[PDB]
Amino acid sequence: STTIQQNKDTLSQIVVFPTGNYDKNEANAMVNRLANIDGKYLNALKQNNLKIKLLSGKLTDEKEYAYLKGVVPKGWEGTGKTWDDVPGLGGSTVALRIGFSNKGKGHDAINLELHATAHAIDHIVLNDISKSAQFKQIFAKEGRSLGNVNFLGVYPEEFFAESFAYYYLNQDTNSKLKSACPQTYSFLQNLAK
């Protein structure tokens, strides 16, 4: 209880709510799901001044993502869609459309905000560990075992982010990851130590 509360306190210094009208209850639900992430990662995101921006409109309607209008995201080739249609972005920043958390809401992640925040942890906190030799070996064996083989199975950083989301979303996804991807699960367990 106290650890979840500490994580919510840390997130209060990371999450940026949109100006204007937005679904406050769903924004709170997204923060609560993010609070399941191990506090060491959250504290490191705060120290690096990473902001998790929750949005009520399209990502590319924000001034800082306007440059992505018409750009085809990695792994979205052939879909006829561009960044204008993507609900969640992670990496050097994090930007997330409120209401689009669940799989199928314009994206394929088990949870939008955990997946995007995993990219920021990978890139900012862990210095692109998903592209390290160690993780590439794990990805070579287990990277297709969550499905979405043309996305998760092709880009190790995507398999990392999705695995991270399974690890932290809830007890069921955590158990599913352990059964499907035992080496990835052990990798994530050891990373948090």
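All residue numbers are counted from 1 along the displayed sequence.
For the pair 161-169 and 65-73, the record assigns the higher mean C-alpha temperature factor to 65-73.
Taking the deposited Cα B-factors for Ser101, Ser92, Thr82, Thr117, the highest one is held by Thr82.
When all modelled residues of the chain are sorted by CA temperature factor, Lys40 is found within the highest third. Sorting the modelled residues of the chain by their CA temperature factor places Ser12 in the highest third. Annotation for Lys136: C-alpha temperature factor in the highest third relative to the rest of the modelled chain, per the entry. Among all modelled residues in this chain, the alpha-carbon of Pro156 has a temperature factor (C-alpha) in the lowest third.
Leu50 sits in the middle third of its chain by CA B factor, as recorded in the PDB entry.
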